[PDB]
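Visitor: Next input, structure requested:
(6 chains)
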Amino acid sequence: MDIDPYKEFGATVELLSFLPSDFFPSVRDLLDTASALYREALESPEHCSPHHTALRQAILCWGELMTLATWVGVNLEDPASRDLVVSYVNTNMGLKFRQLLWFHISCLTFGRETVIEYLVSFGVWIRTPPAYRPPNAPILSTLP
Amino acid sequence: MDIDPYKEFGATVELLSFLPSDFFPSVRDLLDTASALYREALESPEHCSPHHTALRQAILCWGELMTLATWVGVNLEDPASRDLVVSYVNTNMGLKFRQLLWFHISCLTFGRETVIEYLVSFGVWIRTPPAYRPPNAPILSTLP
Amino acid sequence: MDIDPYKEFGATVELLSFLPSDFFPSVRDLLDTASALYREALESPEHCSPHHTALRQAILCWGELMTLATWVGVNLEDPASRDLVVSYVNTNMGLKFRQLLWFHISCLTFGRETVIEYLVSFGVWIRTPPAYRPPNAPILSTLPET
Amino acid sequence: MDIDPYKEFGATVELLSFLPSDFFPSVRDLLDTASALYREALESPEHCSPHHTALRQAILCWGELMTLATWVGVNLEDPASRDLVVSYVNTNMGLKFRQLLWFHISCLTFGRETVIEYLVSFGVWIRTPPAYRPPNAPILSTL
Amino acid sequence: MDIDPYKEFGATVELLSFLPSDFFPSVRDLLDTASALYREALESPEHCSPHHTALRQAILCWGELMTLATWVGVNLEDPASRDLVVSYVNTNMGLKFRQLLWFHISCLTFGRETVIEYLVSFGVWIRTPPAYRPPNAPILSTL
Amino acid sequence: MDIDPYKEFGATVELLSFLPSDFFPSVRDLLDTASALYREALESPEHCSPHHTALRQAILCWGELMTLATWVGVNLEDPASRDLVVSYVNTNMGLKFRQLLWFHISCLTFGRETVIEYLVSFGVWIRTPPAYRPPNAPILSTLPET
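Guide: Numbering: from 1, shown residues only, chains lettered A, B, ... in the order given. Find the structure here:
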C-alpha cells in the first residue's frame, strides 16, 4: 500500500516538504483557530466537504495519542522511558499533524488553488539571494 | 471539540458499539482484503468518494504507529515498559482501527444502507433467546 | 379504576398472557436496544406517537425503583430483609417491565397489525399438545403486503 | 437516559421548581377528582390525548407500588424494617406522583397554556418580599 | 456623559424613583427566573431585542464584579479591609443590578407599555394616605 | 450561563485574543474619541443600532467602578490594601474595557465586515516567525467595494 495523504487534493509530499520545517505554527494555535472558525460545520451530520472528513479523522486520531500519553504517564514507573516516549509522541507525530492541519485549515479559508500557488511562491522567494529579492515575503490575506 | 467519526456517514458510536467486541476480524485480513479489492482507486489522484479519503487517512496514520513500535523496539533498553507499550499499541488502538476499517470496507462493497440495516438486524438477533430465533444468523452477501 | 395497558392499542392482557415467562429478553438487553435504536427520538421535545409517550413513563417508573434498590442497602441493617426486598423488586416488577417493553418495541419495529397477528398465531401453536405440534415455534418478521 | 417528564408538553423541571412542595394536595383528593371527572374516558378503548396515556401509566405504576406495602406487611419479620420501607414509599415517592397528577389534571381541566401562564405568574408572587406581597395568592378558575 | 439607562425604552430614573428600594427582589431569584425562562435565547448567536443585549452586558458586568470578591478574599492581608470592600460590593452595587434586572425581565415577560402603566399606577397607590390606602398593592399578572 | 460578548455580532473571543496587549489605546483616548464622535447619538432617546446599546451599558458599568476607586480612598486606612485594590481595578478590568471599546468603535467607523476581515488577516501575519515575516503589520481602512 502507498497512500499519499495529499494526492487526492492536488498536492504531494515533496511540494509541502518544499518550505522549511520551522515555518509551521504550533498545535495549540491551529486547534484554537479551527474551533473558533469551523466547530459548527465540523459537528453537523453532513458531508460538508472532503476537507471536513479529513479534519474530523485527524482530530479523532490525535485524541487517542493524547489519551495514550496520559495513560503512560501513570501506568509506567520508570520516568526515563516514559519521558522518551512522551517526547517522541510530542515531536515526531506532532510535525506531521501540524503540517496537515495547516494545509487543511488554510485551504478551507482561502481556497486550495491559492494555497498551492503560495507554496510555490514562498519556496522560490526563500532560496534566491537577499540583495535581489523584494524585502517583503509573501503572506496569505483577504483584504486588498 | 466533539468529532464523531461516524456522524457524516449516517451512524453513531452507540450503533457500532451495539455488536459484541469479538465480532470484528483481524487487522491483517482487513488490509489484505483492501489491497486485493481497491488498491488502484486508493492510489489514484481523484476524490473518488468520501470513503476513499477516510481509508487513506486511516492507513497513513496506522503506518506511523507501526514505525513508532519499530523505533521503540530498538531505542528502549528495558524490555518491561517496551512490552507494555507494544501491547497497548497493538490492542487499544487496534480495536478502533478494526472497527473503522470493517465499516468502510463493507460500505464500499455492499452499500451503506445495507450495512446500517445489517447492524440493527444482527444486534437484535443476538439478544433474543435461542429457542425462539431462526437458527441461522444474518450475513452480508451478494449472490441470491 | 380498571385500567388495561393494551386496550387503547388494540390488544388485551389475556392475549399477551399466553407467552411463556422465558420468552422475554432480560432488562439490560431491552434498555440497550431502546437506547441504540431511539435515543434521539426519546429525548426530542416533540410528540411522535403513543408508543413513545408510553415508553417515556415506564422508563422513569423503573429508574426510581432502581434507586430505591440502592437506598435500602445503607439504611436496613438486616441481610434477610434487604435481600428479600431486592429480590422481590428485581423479579416481580421486572417481569412486567420486560413484557411491556418488548410489546412496545415490537410495535415500533414491525408495525402493530403484524404484532397482533403474530400473537394470535402463536397462541394456537402453544395451545396444542407437543406430540401433534411442529417442533419449531413461529418467528416474528414483516411481509410485503401492508 | 436524560428524559424530562414534561419536555413534550412545553415545560421543564425548572418551571415546576417555582412552586414549593407544600403547595400540592394529597393523593386522595387528586385521585378522587380524576375518578369523578374522567373515569369513563380513562377506561375507554382508545387514546384521546397524550394526557390520558400519561395518567393511565402513572396510575398503573402507583398501584404496583401500593401492592408492595401490602406484601412487606405480611412477608417482613421485623417491625423497624416493616415501617422504614413503608414510610419511604409513602413519603419520598408520593411527592413526584402528586406533582404529575396535579399537572395532568389541571392541563385537562383548564388547558396547557393556562397552566404555563399560571406557573409563570406564581413565580412573581412567590419572589416578592413579604412587606409588599398581597395576602391572596393566585388561583386557577374556569367560571 | 449624562446617559440615562432607560432613556431609550420610554422611561427615566424619575419614574423608577416611585418604587421604594425595599420592593425589588433579591439577586438570586432574578437570576433564577432568567435562567429558567430565557437561557437558550440569551445564548443564541444573534440579537432578538434591545432587551437581550442589555441583559447580556449586565450579566457580564456582574460576573466581572463577582470575581473581585474572590480575588480580594485571597489577596488581601487584613480582615477589616477583606470585609469592608465585600460588604460595599454586595450591598451598594447590588441595588442598581436588581433594578435593571427587574425592569428587563418584566418588559420581556409582560410588555413595555404594561410596565410603564404599572409604574404610573403604583405611584398613585403609594402616594395615598394610610387611612384610605387599600390593603392590597397592585401586582403584575399575565393570566 | 455561558455568554460571549461578540457572538451576536458575528465574532468570537478566540478571534479577538490574537491581538497583543499593547495594541490597544488607553482608556482616556477611547473616551475622548467616543465623546467627540458620537455624543449626540449616544444621548438620543432613539434606538440606533446594537452597537450604541452595547456601548451605553459598558460606559455606565465602568463609571461606577471609577466611583468605587475614589470611595475606598477615604474609608480604608491602609496604603497597601487601597493601592492593591486601585491597581487591580485599573489594570485587569481596564484591559477588557479597552478591548471592548475598540471593537465597537471600529465597527461603527469602518463597517463590521471590514473589521472581521482585518482580524482574520492580522492573525495570519502575527502567527508567522519574524524571520519570514514582513516588517510592517497590516493597517485598518476601508475599500470602495461594499
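Visitor: Ignoring the adjacent residues along the chain, who's closest to the residue lying farthest from the centre of chain A?
Guide: What lies farthest from the middle of chain A is residue A:77; by CA atoms, centre = their mean that is 33.1 Å. With sequence-adjacent residues excluded and distances taken as CB to CB, 6 or more residues apart in numbering or on different chains, residue A:77 is closest to residue B:81, at 8.0 Å. Placement of C-beta: from N, CA and C, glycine included.
Visitor: Tell me which helix or strand the one you found sits in.
Guide: helix B:79-110 (DSSP states H and E).
Visitor: Need phi/psi at the residue of chain A found nearest chain D.
Guide: Closest to chain D within chain A is residue A:43: 18.7 Å, counting by CB to the nearest CB. Main-chain dihedrals, residue A:43, degrees, to the nearest 10: phi -110, psi 0.
Visitor: For chain A, what lies in contact range of chain F?
Guide: Counting by CB under 8 Å from any CB of the partner chain, chain A comes close to chain F at A:22-23, A:25, A:29, A:32-33, A:35-37, A:109, A:122, A:126, A:135-137, A:139-144.
Visitor: Can you select the buried ones among these for me in ChimeraX?
Guide: Remark: buried members of the residues of chain A next to chain F, expressed as a ChimeraX selection using 16 or more other CB atoms under 10 Å in any protein chain shown:
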select /A:25,29,33,36,37,109,122,126,137,140
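Visitor: got the contact list for whichever residue of chain A sits closest to chain C?
Guide: In chain A, the residue that lies nearest chain C is residue A:45 (10.7 Å; CB to the nearest CB). With contact set as CB atoms under 8 Å, 6 or more residues apart in numbering or on different chains, residue A:45 has these partners: B:7-8, B:10.
Visitor: any chance of the residues you listed in a markdown table, plus neighbour count, secondary structure and distance to chain E?
Guide: Formatted as a markdown table, the contacts of residue A:45 follow (neighbours: other CB atoms under 10 Å in any protein chain shown; DSSP: H, G, I helix; E, B strand; the rest coil; distance: CB to the nearest CB, whole Å):
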| residue | neighbour count | secondary structure | distance to chain E |
| --- | --- | --- | --- |
| B:7 | 17 | helix | 21 |
| B:8 | 20 | helix | 22 |
| B:10 | 14 | coil | 26 |
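Visitor: Go ahead and list the helix or strand containing the nearest residue to residue A:15 once chain neighbours are set aside.
Guide: Using CB to CB, 6+ apart and skipping the chain neighbours, the partner closest in space to residue A:15 is residue A:119 (5.9 Å). Per DSSP H and E, residue A:119 falls inside helix A:112-125.
Visitor: mind listing what's buried in that helix?
Guide: A:112, A:115-116, A:118-119, A:122.
Visitor: With stretch A:129-138 instead?
Guide: For stretch A:129-138, by 16+ other CB under 10 Å, it's residue A:137.
Visitor: What is the distance between that stretch and the centre of its chain?
Guide: Stretch A:129-138 sits 26 Å away from the centroid of its parent chain (CA atoms, centre = their mean, to the nearest Å).
Visitor: got the contact list for that stretch?
Guide: Counting by CB under 8 Å, 6+ apart, A:118, A:121-122, A:125-126, F:132-136 sit against stretch A:129-138.
Visitor: Check the gap between residue A:137 and chain E for me.
Guide: For residue A:137, the distance to chain E equals 37 Å [CB to the nearest CB, to the nearest Å].
Visitor: Kindly report the same for residue A:74.
Guide: Using CB to the nearest CB, we find residue A:74 at a distance of 31 Å from chain E.
Visitor: list the contacts for residue A:143?
Guide: Counting by CB under 8 Å, 6+ apart, residue A:143 touches F:114, F:117-118, F:121, F:138, F:143.
Visitor: Next, it: secondary structure please.
Guide: Secondary structure assignment for residue A:143 (DSSP: H, G, I helix; E, B strand; the rest coil): coil.
Visitor: And residue A:135, by the same measure?
Guide: coil.
Visitor: and it, backbone torsions?
Guide: Dihedral pair for residue A:135: phi -70, psi -20, per degrees, to the nearest 10.
Visitor: Repeat that for the one 4 residues further on.
Guide: Backbone geometry at residue A:139, expressed as degrees, to the nearest 10, gives phi -150, psi 140.
Visitor: Buried ones in stretch A:18-31, by neighbour count?
Guide: By 16+ other CB under 10 Å, the buried positions in stretch A:18-31 come out as A:19, A:24-25, A:29-31.
Visitor: Put the alpha carbons of that stretch into CSV.
Guide: In CSV, the C-alpha atoms belonging to stretch A:18-31 read as follows (Å, rounded to 0.1, in the frame of the first residue of the first chain):
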residue,chain,number,x,y,z
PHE,A,18,9.5,22.4,0.0
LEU,A,19,9.1,25.0,2.8
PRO,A,20,11.4,24.8,5.9
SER,A,21,10.3,22.7,8.9
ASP,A,22,10.1,25.7,11.3
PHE,A,23,7.6,27.7,9.2
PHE,A,24,4.5,25.9,10.6
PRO,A,25,2.7,27.2,13.8
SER,A,26,2.1,25.3,17.0
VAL,A,27,-0.6,22.7,17.5
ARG,A,28,-2.5,24.7,20.1
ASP,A,29,-2.9,27.7,17.8
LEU,A,30,-4.2,25.5,15.0
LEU,A,31,-6.7,23.9,17.3
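Visitor: what's the neighbour count on the closest residue to residue A:48 other than its chain neighbours?
Guide: Closest residue to residue A:48 apart from its sequence neighbours, by CB to CB, 6+ apart: residue A:41 at 5.1 Å. Here the number of neighbours of residue A:41 (other CB atoms under 10 Å in any protein chain shown) works out to 14.
Visitor: Much appreciated, bye for now.
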